[PDB]
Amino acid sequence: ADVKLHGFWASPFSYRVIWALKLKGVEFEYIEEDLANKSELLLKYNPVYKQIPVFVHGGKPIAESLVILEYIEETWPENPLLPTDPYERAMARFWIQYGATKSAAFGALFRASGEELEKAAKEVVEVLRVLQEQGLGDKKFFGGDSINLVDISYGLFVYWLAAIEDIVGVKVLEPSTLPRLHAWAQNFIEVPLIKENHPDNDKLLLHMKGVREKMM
């Protein structure tokens, strides 16, 4: 396979690329990186950040999941994951950037000690409320009737929410508080592409529990 993807089994960032490639029907070779012993190709291809994912097409590398997603959308334009209208595309990019900026609040809640856990959860709920009210609205998905790059970027929120609930013991996405966003999260998880491509849940929660245990 011409296309290569360097990833990590538990990474939402490399899963974003797997979803986009599988949606487009692009064959690819997947390379699992040991983050404690990074491959020579990983360090050569991504000297700036030394992170996965690293997507390679025709021997040329691309780092940063959002940048890779836009390259895939431009290179394989069939089965579009962005709208064609520039204004609608700007709204999609606006919400993808909002997700990237606000993703730090989820890590803060995940590592928050007993005190200030209530405050960290409060800030996450507000982020989700704005996302629901101004981003999603009454649509089934951020992409309308089917998922698009906005829904793919928000898989990271679902990953964080499910882990925070099962490990931290706090639920920041309550059906009675955010009915539309909660319905979205359930619908997203049930999309066959998503159902078929995600880290083993038991293995993922165990891994994340050990990561949280480090920060005391």
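Don't overthink the numbering: it's just position in the shown sequence, from 1.
On average the C-alpha atoms of 163-171 have higher B-factors than those of the other stretch, with 143-151 and 163-171 being the two compared. Looking at 101-109 and 126-134 together, the entry lists the larger mean B-factor for 101-109, computed on C-alpha atoms. Per the deposited record, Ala36 carries the highest C-alpha B-factor of all listed residues (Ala36, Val48, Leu181, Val56). Sorting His207, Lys22, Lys195, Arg16 by the CA temperature factor given in the entry leaves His207 at the top. Compared with the other modelled residues of the chain, the Cα B-factor recorded for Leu41 ranks in the highest third. Among all modelled residues in this chain, the alpha-carbon of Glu118 has a temperature factor (C-alpha) in the highest third.
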